[PDB]
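Reviewing the structure listed below.
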Amino acid sequence: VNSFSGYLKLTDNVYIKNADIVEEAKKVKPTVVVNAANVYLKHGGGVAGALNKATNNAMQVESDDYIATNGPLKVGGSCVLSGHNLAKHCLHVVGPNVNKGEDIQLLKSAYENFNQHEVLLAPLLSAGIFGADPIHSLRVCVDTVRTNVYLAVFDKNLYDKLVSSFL
Ligand SMILES: Cc1cccc([C@@H](CC(=O)O)NC(=O)c2ncnc3[nH]ccc23)c1
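Right under this line is the structure:
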């Protein structure tokens, strides 16, 4: 039993809810919140910009030190950093950005990072400003993640389409 409430169950291990991942994180305080990161951990917009703003820029400060030490992530890769006031940890995961020409096949690799964590609160990878089809992102999620994932979809119209079209 966990504290996530109001989700629609899609599969044994994948759940979905129309919610702002920021407000969901502040309420649940999950062990892991997933950020839709880029390779530079520049949290300027989208989910990343929203999560970072909610940390009063502490996420960005921590991320800049991480990059200065370690260099950029790989597309499809991840790193674990602090969750600040939102969660114990933040798993920064880089899905391919279609508006940069990156191989959509890397979306499966991106979701594989979730399997290193028993429970996660997460967005749909490569959706929104990353340019991929969110219906496709959801399919890859369900077919790749085996741990328990609670998906927050900010757009209500997108949420209803994802549910109604799910096979
Ligand atoms: C990868 C990527 C980039 C850009 C945009 C999105 C969309 C996709 C959608 O609508 O779910 N989601 C969000 O931006 C989002 N999701 C949950 N909680 C949130 N809080 C504030 C914003 C926000 C996704």
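With the first letter of the sequence shown counted as 1, position 102 gets the number 1126 in the UniProt record's numbering; the numbers rise by one all the way through.
Beta carbons: idealized from backbone N, C-alpha and C, even for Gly.
> Is there contact between the region 1144-1160 and the region 1091-1102, where contact requires at least three CB pairs shorter than 8 Å?
Replying inline: Cβ pair count under 8 Å is below three, so no.
>> Can you confirm whether the region 1098-1116 touches the region 1125-1133 when touching is taken to mean that 3 or more C-beta pairs between the two stretches lie within less than 8 Å?
In response: When C-beta atoms of the region 1125-1133 are compared with those of the region 1098-1116, three or more pairs fall below 8 Å, so the two segments count as touching.
> Using the C-alpha atoms, what's the distance from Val-1057 back to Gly-1069?
Replying inline: Using only the alpha carbons, I get a separation of about 17 Å.
> Quick one: any contact between the region 1105-1114 and the region 1074-1082, if contact means 3 or more CB pairs under 8 Å?
Replying inline: Taking 8 Å as the limit for Cβ pairs, the verdict is that the region 1074-1082 does touch the region 1105-1114.
> Does ligand 1 have even one heavy atom less than 8 Å from the beta-carbon of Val-1169?
Replying inline: With a cutoff of 8 Å, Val-1169 does not count as near ligand 1, since its C-beta is closer than that to no heavy atom of the ligand.
>> Between which residues of its own chain and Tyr-1183 is the CB-CB distance below 8 Å, once the five residues before and five after are set aside?
In response: Closer than 8 Å at Cβ, skipping near neighbours: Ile-1040, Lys-1041, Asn-1042, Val-1177.
> What are the boundary residues of the alpha helix (DSSP H) that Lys-1180 is part of?
Replying inline: Unbroken alpha helix (DSSP H) run through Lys-1180: 1180-1188.
> Under 8 Å from any heavy atom of ligand 1, does the C-beta of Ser-1102 make it?
Replying inline: Every heavy atom of ligand 1 is 8 Å or more from the Cβ of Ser-1102, so no.
> Since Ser-1161 contacts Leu-1145 with CB under 8 Å, what's their CB separation in whole angstroms?
Replying inline: With a contact defined as Cβ atoms closer than 8 Å, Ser-1161 and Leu-1145 miss out at about 16 Å.
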